[PDB]
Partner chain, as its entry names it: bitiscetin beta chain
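This document starts with one chain, in the form deposited without the partner chain, laid out as structure tokens.
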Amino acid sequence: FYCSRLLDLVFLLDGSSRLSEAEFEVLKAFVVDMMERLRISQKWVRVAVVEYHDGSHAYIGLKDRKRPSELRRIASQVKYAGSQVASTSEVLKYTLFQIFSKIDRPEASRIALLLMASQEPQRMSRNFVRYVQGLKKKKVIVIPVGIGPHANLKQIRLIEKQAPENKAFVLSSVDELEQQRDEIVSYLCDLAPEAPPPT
């Protein structure tokens, strides 16, 4: 449908080589479709787009004052990485420290849509749960989205085990996205308040 609520949504795209050139474009299209079903505004739904590999490469910020159509273009032109490493620990650390360093919008919900499709090196996962728990303390909901046979199930279930609102969406392939979009959007929307503060 169309989400018109106070929400800060953060898209986190796995940049590993697990996803092919094409398969990644599909993921991007999914993110674009999501955005078409969101009321993009500083006072309603704010969006952020981040392709992550060894590190986080942000294309869109929550405070970016741009026309939604423009943002959709940007989100569709996200460059393919195809890295050997897509650190979820790093992208969650980035989200926690860079994106949500300061909670400037209490009146809205904070959601991190973690689109993963691989397994990061175990040594990198050392402080993983600490970032997830750290996001929780800033009241940021993390929704893992498993894509493909290589998506780290252990971490995904570990995210759910961290917070009540943290639900996972285990998928079979990037094709399962389009036919799961509507369900996901509505789920995220129902986590955000509908009406602003009295002001």
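Residue numbers count along the first chain shown, from 1.
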Average Cα temperature factor in the PDB entry - higher stretch of 93 to 101, 70 to 78: 70 to 78
Regarding 11 to 19 and 174 to 182, which shows the higher C-alpha temperature factor on average in the entry? 174 to 182
Would you mind finding, among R46, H57, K136, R157, the residue with the largest C-alpha temperature factor in the entry? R157
Report the third (lowest, middle or highest) to which the CA temperature factor of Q84 belongs, ranking only the modelled residues of the same chain. highest
Chain thirds of CA B-factor: placement of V26: highest
Among the chain's modelled residues, which third holds the C-alpha B-factor of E165? highest
Relative to the other modelled residues of the same chain, rank the CA B-factor of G146 and answer lowest, middle or highest third. middle
When the modelled residues of the chain are sorted by Cα temperature factor, does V32 land in the lowest, middle or highest third? middle
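Another form exists, deposited with the partner chain bound; not displayed. Remarks below refer to it.
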Does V170 reach the partner chain in the entry with it bound, with heavy atoms at most 4.5 Å apart? yes
Quick one: does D182 come within 4.5 Å of the partner chain in the entry with it bound, counting heavy atoms only? no
Proximity of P68 to the partner chain in the entry with it bound, heavy atoms at 4.5 Å: no
How about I156: is it within 4.5 Å of the partner chain in the entry with it bound, going by heavy atoms? yes
Considering the partner chain in the entry with it bound, which of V26, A163, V32, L62 comes within 4.5 Å of it through any heavy atom? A163
Going through 119 to 154, which residues have a heavy atom within 4.5 Å of the partner chain in the entry with it bound? Please give them in sequence order. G148, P149, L153
